[PDB]
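In the structure tokens that follow, a single protein chain appears in two forms: structure 1, then structure 2.
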Structure 1
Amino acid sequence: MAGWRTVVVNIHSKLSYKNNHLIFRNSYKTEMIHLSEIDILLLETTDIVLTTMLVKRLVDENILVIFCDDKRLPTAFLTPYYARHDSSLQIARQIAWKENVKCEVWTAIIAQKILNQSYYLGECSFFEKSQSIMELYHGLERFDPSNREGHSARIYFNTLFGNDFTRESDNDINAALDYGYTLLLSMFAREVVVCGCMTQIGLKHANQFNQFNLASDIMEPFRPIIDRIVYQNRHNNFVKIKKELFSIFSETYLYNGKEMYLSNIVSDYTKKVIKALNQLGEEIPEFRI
């Protein structure tokens, strides 16, 4: 059937089938993966050339393949007519999520985000603003009716980029922030569709025109990662900040007491959040910068 490995194709390559093996024929090096060890095949880049023979065999081995677009966002997935992957059942669970468990997990996630913002503000030696954000963290409630997240993200931005700063503006700092946030949103959406759950049903976000509500809800704690990189290179043009922003892929961060790459952190975080929402367990992930 479907095994354990999730195979992500992010570079130019030709994928072919051979004697129950998937041939990852990348330009740099060629690899072969047995089709029984593959559970999800995620084709995130658009540089990939694949064969119909591979598609047929991956369907027969009950593997889920997910195609993403130029923006590295999930855009389609292959659905067999008869035999289905396990992740499909996840959709049913997403349709039945109790209000209280969503409340609790969203509150924990936004508490992590506020604590992360306070930690970074303290790191940039703005101890008074960090203490103010910490107090607003103590002001948190279920589903944040008092909008502590909004005032925290106002003190955060006015402290980092000056009181004249405003997200609606069209300066280079705002463009860099938007680009890094897009990077994180793409990562979290790709890891959400990998888990089989949808991005259009979120814990708190309910925007009609937003199709990544769950992705945003889960990526909220990770925004300070982008914010720190943007602030560290504030006095630069957008291209330099983008070149520095691409370092989040090849950097390491501390998660679960281990030094992990940020993509693995995002994947494991998403899986644990979905596990907590499924009511299988009540453990909520904790990411702190």
Structure 2
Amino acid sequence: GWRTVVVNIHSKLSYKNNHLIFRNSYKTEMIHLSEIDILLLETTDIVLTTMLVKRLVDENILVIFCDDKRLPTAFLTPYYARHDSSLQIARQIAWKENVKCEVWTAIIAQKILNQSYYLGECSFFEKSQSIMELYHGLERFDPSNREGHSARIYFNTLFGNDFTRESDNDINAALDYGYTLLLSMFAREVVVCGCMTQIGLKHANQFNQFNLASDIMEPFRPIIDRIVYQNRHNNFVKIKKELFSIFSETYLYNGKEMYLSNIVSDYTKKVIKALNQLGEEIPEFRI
């Protein structure tokens, strides 16, 4: 099939007449299990019958579950027949280091470009020039933490002399939560794409379970810093509502305005194709 159903509201999913019933307050929608490639449950509120699960495996659909933090936790695994997304895990292991190095260089280049461009939009001309000077020519597989210096410059221009994790103000009371609010998107997309977040490109650190999720969210990070910077002086309890504009607001991708959910889905798919050495252009997110 083609449709990937994302159940993110209090619902009741059941099965009658080869049709996924997705009942809620708004619309007791009708969806055909023939079309459903991947059912993705995005909340803990949803109620699903065992009969539906029986006929979600019969049609070979990936039933992914999510916990309270909207993060992937378990995918329903069939004994007999398996989805078409169960072969990427066996090729993700055999991913060559060269494609990982190139795609990481591109992702980090996009991160520095986004931070420098937003600094240009943050009324810091010399700081924007310095941020681009950190990556005037993107250091090909930089061994040292030059990205550390670039982040230092960007966060110094953004949030003041220090924007590290130590300070307890909305500098981290918002950036921490937002940076976990988008980690859920990339983790969920990576597991949807049939990939394993646990092992990712340039993820030499084994301390992070969400390796590929963070590594591919690196380009999409500056949205959170932008929304925080605009509403920085406000309290954190206000930022809990301010940061939610990500889903409502549409950003430019592929030349057109799209919701960030569609953008992260497309970006994750294109990066996954790139690491498969399909030859596709590593996707770009910049404004």
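Here the rigid core means the biggest group of C-alpha atoms that line up within 1.5 Å when the two forms are laid on top of each other. Numbers follow structure 1, counted from its first residue as 1.
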ask   = Which listed residue (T79, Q131, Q211, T166) has a Cα shift of at least 2 Å between structure 1 and structure 2, rigid core superposed?
value = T166
inquiry  = Relative to the superposed core, report the C-alpha shift of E283 between structure 1 and structure 2 in angstrom.
reply    = 1.2
task = Could you check how much the CA of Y255 shifts between structure 1 and structure 2 after a rigid core fit, in angstrom?
result = 0.5
